[PDB]
Structures are given as C-alpha cells and as structure tokens.
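K.L.:
First the structure, which I've put down as structure tokens, then a few questions once you've had a look.
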Amino acid sequence: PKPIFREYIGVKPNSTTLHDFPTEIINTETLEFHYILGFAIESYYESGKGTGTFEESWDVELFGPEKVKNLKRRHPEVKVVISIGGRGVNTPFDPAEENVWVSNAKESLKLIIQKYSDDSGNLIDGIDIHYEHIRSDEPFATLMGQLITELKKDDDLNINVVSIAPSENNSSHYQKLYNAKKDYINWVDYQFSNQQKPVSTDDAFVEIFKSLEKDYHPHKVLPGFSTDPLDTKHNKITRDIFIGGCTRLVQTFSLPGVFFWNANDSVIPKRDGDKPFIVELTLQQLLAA
C-alpha cells in the first residue's frame, strides 16, 4: 500500500535507554510500520564455525513475548520481524557442516518464533537476514536460499515479509542470494552509514540509490541511516545529506520507504535541542506530505 517504515530494536543488549517498544514513532495511519527485533544469533564451535542453532540475544524482559503481545494488542497493524546474524566479527556466516546447518537453523528459529504467540495466533510476520561478515558468495546463497524456502513453506508459521540487509562491503554476496530468490525477498535494506567513502552530496546519494536498483530491483530497495555512535564516528553520511537525498527521491515518487538502525540510539539527542527520534520523525513527515 503505503510507504514502508522500519526500525531495528533489541540490537544493543547493554543499553538501558528503552524499557519497552517506543510508541512515539509508531504510525500506522499513513505508513506501514515494522519493528525489526533482533539479534537471533547462532552458537559457534571453538573453531569459530557456526552450528546453525539460533538463540535470542535481545533482552527478553524488555522485548520478550509478553512485551510483543502488549504491543500487538494496542497496535495490531505493526509488523514484527526477527533479524538473524549479527554485526560483530565474532558472528560470521561460516557453517561447520553445510548439509546439517539448514536443519538446525530451521528447527531453532521455529522454536524461537513459536514463543511469540497470543490466543489468536503467531505474532511474527517475517525474517530479516543481517549477517555483516560473510567471506564468499557460497554456501551463503545456497544455504540462506534453502532456509528462506523452508520457512516460507512451513504452514505453522506466517513468514510473509522477508528482507536482507546488505552494506557496501558484503553487497556482492547478498546480490547472489537476491538473484536466486528474488521472488521470496520483499525488501533490500541497504545501510548508507556503512559506505566505504563518504556520501558528500544529495546528488551522490541519488546516484548510489539508482545503482542499487540496478543491482537488486527497482522499488525493492529501502535506504537506511544509522544513529549509533559507532557509526556516527565513521562519518560516511550525515543526517543532513540523508534527509536531502531522501527529499530528492520523494520528489520523483521514487522512495518506497526507509529503515533506521536503532531505536536505542535514536532516543538520546546528539546535539542540544534535538528531540528524541528527530531523524525518524523528519522522514515520516516527508513520506506522508
């Protein structure tokens, strides 16, 4: 329908800035709103190779099943998706056994997903693939492809929205996956804060975006921004250029939506006088108007 708005949450397990899912950014009247809950992370053997057995790594007191139930009781139109992988160098995609990885991943993720249920059914609407560190195109595209297929085919689940989260440095591996499974992947969430060289103008932004649509597919790419201080320090893109660049896209009716990296980091103003969620609220204003 509507412009898509997605926000990562739960990804800073040591942060105490939030004690529940924020309602300030929730807008289901003019936008299609998604919370991306993560990280479901695999256990690794001593060799640094992944087992495919996922566990929740977010705070379950703050964002667990009872909090998801409450959110959905109050705002039924919000979609909740689980993100798997992780950003550390300590959570790479590197399966120890290629023919057993997929069965462990399907079973362990289904177990997690089944915890997020109410009297009327499952509360999870999809999955997000967010492995930052992937060394080669393969077995990634084959194994991730099979996992998506198995989850979408399970009638016990409602895995309706599938997304991937590439960055400039891992984009080639995600492109391999996207080409093979184009029909099951709804959204490509590309993080502009992870570019190698700085994005200096709104024209440089626009030019990057168009090339992403060629690499993936027109209207399936959602530009993203990071309010995380680790990313702010890298200074690959400023909020002024991000807003400017998105404005240009909105003017030619070419922006399908946006995503933000992360609710914990956006609640705390960076410049005195800044309101909490200033970048998110500014993008919501431009997506409606």
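Numbering starts fresh at 1 for the residues of each chain in the structure tokens, the chains themselves are lettered A, B, ... in the order given, and ligands are numbered from 1 as they appear.
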Can you tell me, as a list in words, what residues are no more than 6 Å from range 181-188 of chain A when counting only C-alpha atoms, ignoring any on the same chain fewer than 6 positions away?
P.N.:
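So the residues in contact are residues 162, 163, 164, 220 and 221 of chain A.
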K.L.:
Write a file of the selected residues as a JSON list (two decimals), in the first residue's frame, keeping N, CA and C atoms.
P.N.:
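Contents of result.json, freshly written:
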```json
[["chain", "number", "residue", "atom", "x", "y", "z"],
["A", 162, "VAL", "N", 10.07, -11.00, 3.92],
["A", 162, "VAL", "CA", 11.47, -11.42, 4.00],
["A", 162, "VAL", "C", 12.36, -10.26, 3.57],
["A", 163, "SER", "N", 13.42, -10.00, 4.31],
["A", 163, "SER", "CA", 14.32, -8.89, 3.92],
["A", 163, "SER", "C", 15.75, -9.29, 4.13],
["A", 164, "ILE", "N", 16.63, -8.57, 3.44],
["A", 164, "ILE", "CA", 18.09, -8.75, 3.54],
["A", 164, "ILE", "C", 18.69, -7.39, 3.89],
["A", 220, "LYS", "N", 12.39, -2.00, -4.67],
["A", 220, "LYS", "CA", 12.53, -3.01, -3.59],
["A", 220, "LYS", "C", 13.63, -2.56, -2.68],
["A", 221, "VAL", "N", 14.35, -1.49, -3.02],
["A", 221, "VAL", "CA", 15.47, -1.06, -2.13],
["A", 221, "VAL", "C", 15.03, 0.04, -1.17]]
```
K.L.:
Run DSSP on the backbone and give me the residues of range 181-249 of chain A it puts in helix (DSSP H, G or I), as a ChimeraX atom specification.
P.N.:
/A:181,192-194,202-215,229-234,239-249
K.L.:
Which residues are close to residue 247 in chain A, i.e. within 12 Å by only C-alpha atoms, leaving aside same-chain residues fewer than 6 positions away? Reply as a list in words.
P.N.:
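Listing them by chain and then by number gives residues 202, 203, 205, 206, 240, 241, 253, 254, 255, 257, 258, 282, 283, 284, 285, 286, 287, 288 and 289 of chain A.
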K.L.:
Taking only C-alpha atoms into account, which of A:30, A:99, A:251, A:83 comes nearest residue 129 in chain A?
P.N.:
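Closest residue, counting only C-alpha atoms: A:83.
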K.L.:
Based on the backbone DSSP call, show me all residues of range 51-264 of chain A assigned strand (DSSP E), as JSON, numbers by chain.
P.N.:
{"A": [51, 52, 53, 54, 55, 56, 79, 80, 81, 82, 83, 84, 85, 86, 117, 118, 121, 122, 126, 127, 128, 129, 130, 131, 161, 162, 163, 164, 187, 188, 189, 190, 191, 221, 222, 223, 224, 225, 226, 257, 258, 259, 260, 261]}
K.L.:
Choose the residue, out of A:72, A:271, A:34, A:219, that has the smallest atom-to-atom separation from residue 259 in chain A; count only C-alpha atoms.
P.N.:
A:34
K.L.:
Of the candidates A:73, A:270, A:214, A:176, which shows the shortest atom-to-atom distance to residue 138 in chain A, using only C-alpha atoms?
P.N.:
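Using only C-alpha atoms, the shortest distance to residue 138 in chain A belongs to A:176.
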K.L.:
Which residues are near range 54-63 of chain A? Cut-off 6 Å, only C-alpha atoms, ignore same chain within fewer than 3 positions. Put them as a list in words.
P.N.:
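So the residues in contact are residues 10, 13, 19, 20, 39, 40, 41, 42, 67 and 108 of chain A.
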K.L.:
Residues as selected, N, CA and C atoms, written as a short mmCIF file (atom, residue, chain, number, x, y, z; two decimals), in the first residue's frame, can you do that?
P.N.:
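Printed below is result_15.cif as written:
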```cif
data_model
loop_
_atom_site.label_atom_id
_atom_site.label_comp_id
_atom_site.auth_asym_id
_atom_site.auth_seq_id
_atom_site.Cartn_x
_atom_site.Cartn_y
_atom_site.Cartn_z
N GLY A 10 16.28 -3.94 19.98
CA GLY A 10 16.81 -5.05 20.70
C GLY A 10 18.28 -5.34 20.44
N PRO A 13 22.03 -4.97 23.48
CA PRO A 13 21.68 -5.65 24.72
C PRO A 13 22.23 -5.04 25.99
N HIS A 19 12.57 1.00 27.78
CA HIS A 19 12.18 -0.13 28.69
C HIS A 19 11.00 -0.82 28.05
N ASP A 20 10.79 -0.48 26.81
CA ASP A 20 9.66 -1.10 26.06
C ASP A 20 9.76 -0.62 24.60
N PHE A 39 18.98 -9.41 17.88
CA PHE A 39 19.60 -10.48 17.12
C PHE A 39 19.28 -11.88 17.60
N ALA A 40 18.84 -12.72 16.64
CA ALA A 40 18.79 -14.18 16.96
C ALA A 40 20.23 -14.54 16.45
N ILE A 41 21.08 -15.08 17.30
CA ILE A 41 22.50 -15.43 16.94
C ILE A 41 22.79 -16.91 17.08
N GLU A 42 23.62 -17.45 16.22
CA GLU A 42 23.96 -18.88 16.33
C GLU A 42 25.06 -19.10 17.38
N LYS A 67 5.94 -8.50 26.09
CA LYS A 67 6.00 -7.13 25.54
C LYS A 67 5.52 -7.05 24.09
N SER A 108 15.61 -24.43 15.16
CA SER A 108 15.89 -23.49 16.25
C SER A 108 15.14 -22.17 16.02
#
```
K.L.:
Kindly give the distance, in Å, that separates CA of residue 31 in chain A and CA of residue 151 in chain A, rounded to a single decimal.
P.N.:
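One can read the CA of residue 31 in chain A to CA of residue 151 in chain A distance as 26.6 Å.
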K.L.:
Separation of CA of residue 199 in chain A and CA of residue 233 in chain A, in Å?
P.N.:
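Straight-line distance from CA of residue 199 in chain A to CA of residue 233 in chain A works out to 14.4 Å.
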K.L.:
Applying 6 Å and only C-alpha atoms, which residues near range 87-93 of chain A remain after dropping the ones on its own chain fewer than 4 positions away? List them as a compact mmCIF listing (two decimals) with C-alpha atoms, in the first residue's frame.
P.N.:
```
# COMPACT_ATOMS: atom_id res chain seq x y z
CA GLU A 132 27.64 -8.40 8.31
CA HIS A 133 30.65 -10.78 7.89
CA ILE A 134 30.39 -13.28 5.02
```
K.L.:
To one decimal place in Å, what is the distance between CA of residue 32 in chain A and CA of residue 204 in chain A?
P.N.:
27.8 Å
K.L.:
When you look at residue 155 in chain A with a cut-off of 12 Å (counting only C-alpha atoms), what residues show up, excluding the ones that are within fewer than 6 positions of it in the same chain? I need them as a PyMOL selection string.
P.N.:
chain A and resi 110+122+149
K.L.:
Could the residues in this selection be saved with N, CA and C atoms as an mmCIF file, in the first residue's frame?
P.N.:
```cif
data_model
loop_
_atom_site.group_PDB
_atom_site.id
_atom_site.type_symbol
_atom_site.label_atom_id
_atom_site.label_comp_id
_atom_site.auth_asym_id
_atom_site.auth_seq_id
_atom_site.Cartn_x
_atom_site.Cartn_y
_atom_site.Cartn_z
ATOM 1 N N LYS A 110 12.317 -21.834 14.322
ATOM 2 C CA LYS A 110 10.880 -22.140 14.502
ATOM 3 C C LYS A 110 10.579 -22.164 15.993
ATOM 4 N N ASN A 122 0.171 -16.534 15.829
ATOM 5 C CA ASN A 122 1.591 -16.117 15.869
ATOM 6 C C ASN A 122 1.697 -14.610 15.650
ATOM 7 N N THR A 149 13.271 -20.654 1.843
ATOM 8 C CA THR A 149 12.300 -21.566 1.215
ATOM 9 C C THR A 149 11.618 -22.436 2.253
#
```
K.L.:
Determine the nearest neighbour of residue 141 in chain A from the options A:53, A:172, A:191, A:226, counting only C-alpha atoms.
P.N.:
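Answer, going by the shortest atom-to-atom distance: A:172.
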K.L.:
Hey, what's within 6 Å of residue 130 in chain A if we count only C-alpha atoms and toss same-chain stuff fewer than 4 positions away? As a ChimeraX atom specification, please?
P.N.:
/A:84-85,165
